[PDB]
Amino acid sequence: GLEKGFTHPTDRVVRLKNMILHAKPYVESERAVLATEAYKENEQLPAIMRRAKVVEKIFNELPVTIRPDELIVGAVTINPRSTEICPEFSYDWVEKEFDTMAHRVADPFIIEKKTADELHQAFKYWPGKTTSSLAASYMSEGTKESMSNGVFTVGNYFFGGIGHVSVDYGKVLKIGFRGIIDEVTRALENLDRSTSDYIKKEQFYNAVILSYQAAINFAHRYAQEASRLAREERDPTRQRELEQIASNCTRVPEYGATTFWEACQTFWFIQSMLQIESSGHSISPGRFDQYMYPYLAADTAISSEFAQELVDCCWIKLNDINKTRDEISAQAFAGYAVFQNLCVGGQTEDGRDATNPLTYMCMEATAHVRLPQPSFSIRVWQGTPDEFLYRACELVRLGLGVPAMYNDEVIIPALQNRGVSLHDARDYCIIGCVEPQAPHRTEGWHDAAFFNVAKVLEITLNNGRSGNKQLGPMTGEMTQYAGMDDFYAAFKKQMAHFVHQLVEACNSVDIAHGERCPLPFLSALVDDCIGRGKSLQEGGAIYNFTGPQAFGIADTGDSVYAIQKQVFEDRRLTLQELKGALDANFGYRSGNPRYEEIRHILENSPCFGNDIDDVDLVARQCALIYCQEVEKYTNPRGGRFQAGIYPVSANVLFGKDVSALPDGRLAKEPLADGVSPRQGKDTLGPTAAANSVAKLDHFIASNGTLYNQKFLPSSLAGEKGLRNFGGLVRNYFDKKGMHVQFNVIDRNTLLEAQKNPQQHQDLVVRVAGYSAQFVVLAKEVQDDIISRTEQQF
């Protein structure tokens, strides 16, 4: 039948998994100190070559750590699941939090006193030499003022690195780091030196070669440590394993991989070393089943058991990565999350189905390991085999939140509309949460900013004011609107004003990374950086984008529709009472009963998510106004802005920035997640809700849309549960929604994990486009997830 169940992992895998779950996250100092010394030593160099010296010093000198039982080795931090510090982007919040980071609510980390003193010393170098400090210098005062008041934020790449990329893993698997050096050497040989342009290109080429020579050394340093351990090792079986690891790391990634186990080690070295060079998250394995499977197929000696165990170790290694952020940013990316998205299935470049045996081993690994990472995903298209969808649904039914599901049939045309070739778009993977790209061909900036559309609505209805600040243009007081035409004219003018500032802030950060932190190790693994002689930060990628995310879509749509119906059409209240009610927070604090009555009238208007065309098209319209403004703009890499709609863990945080709204929500309350209907307001079941969500224009939001559903576990039980569950996905994708993902959990389970967190350390559930340990999320985020609508067939 359709239900096959899941196998169990080896005991070794269970021990490696538990080592992650029991690890206390620390902040560590060695990479930050080494990086700092590389900067001090190399003031005179062009940035790209300074950055080669940075990775050279780190790769040569960072501590090398092999953990008990690992088959796949490489550690960013001495301690499991800990974080380096990357002061080149920002530092001052680390020192401000030396004594509070261990106790903050979202993502605490231990900072021992010696580590604090070491970081204090290194940070003396940094004032005004970070990328952030330069980015801020480029921004206008109005742009900064809008961000200060919570219209939008570019914190992600302002305080940290970029990342958000799926590199050419298959190229390194084939030709190795030595092959990269060879390609660069040939580019040097063939350089046109007849003008001045060759000088900087040769700097880049030499920086890449130096970086990859050092990257070879790094792998050999792990081979050397594996051999030292083998010579002390007492169990002859573990000795043989350590000897094989030393052999693997001698071969890869310097040279192409010759076994599946070597291929896994090539993969993990690339995965970890990128996040050593830079703190940018969303380093996404992408189509792991596609580029890894030739190395499994050609390995005639490996058993299916050992091959699965290796994939399991990879899943577990992916959970060893961690990242601290400033105390507020950490609330927006909560759960010790670095968003390594790994997808399976879909189509080949020729448009044939891409399922292979490793596709299903990746699903098994998720069932074996059951940890937050990777952010595991499936691609779905019209020829997806029934067995692949049903197997994925059977995995979703375990309640980990994974796999998220992505619709080829929308994403491919969406990418084509942005200039991506049909051949490249067929090969897409997902970056981070929900963001599609042609892998190893894109500098996508897929989480460049968070933009609060509900805040823009607030400000529109207050004639451009926020508090006692004139923040936007004076588009008119809401009491002067003659009808919905007037509102929309004013909203578009506020949107144009604030989106222009959003683009300024993004491009300022973009310029700052180009001037100060171009990356010679990462850049060599993305087309066409080598061919062009330019880093990713300078536009070397074939495709260039910048992706800012809308917050409050359903909140804005339902509020605008409430004005349409309750004021203009049915005349239940006047524009003047609405203004007074909004200013008084519906009388939350004064107890005004007319405002409370008005709140009740507004709350009971039709809402997005019940398959009601009227109100659904207002949500579509409000989202379109944002998406249509964003796409008018370009970045300094010659690329195009494109909107996304996803919340990571910040729809609570950014709700705190918005006063009362015309749909009846009180000041500072949470916003809706992604394109999902407002929490608890879709009450006609999952098909009706999916039908509403699919009415939005997903194609124009080509940085990715995010739709969350949550099911009662018993509704998915049995073969008929899988049948219905698969039919729901096909329905939604046939109606041109881009993405959907599922929690499958009982309300009491979430409540119990709140009351007795020490017994629920392994409870992993979906937040938004990624999964996390429920108990490490702040209570207000836990409560928001609990408040989500419970679906049932």
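Residue positions are given as counts along the sequence shown, with the first one as 1.
Between 6-14 and 765-773, it is 6-14 that carries the larger average Cα temperature factor according to the deposited entry.
Set 229-237 against 167-175 and average the Cα temperature factors; 229-237 ends up higher. Of the candidates 709, 153, 375, 149, it is 149 whose Cα B-factor is highest according to the PDB record. Of the candidates 504, 657, 277, 112, the PDB record gives 112 the highest C-alpha temperature factor. In the deposited entry, the Cα temperature factor of residue 618 sits in the top third of values across the chain's modelled residues.
In the PDB entry, a CA B factor belonging to the lowest third of its chain's modelled residues is recorded for residue 785. Per-chain ranking of the deposited C-alpha B factor places residue 754 in the highest third. Annotation for residue 561: CA B-factor lies in the highest third of the chain's modelled residues.
In this PDB entry, the Cα temperature factor of residue 741 sits in the bottom third of its chain's modelled residues, the lowest group.
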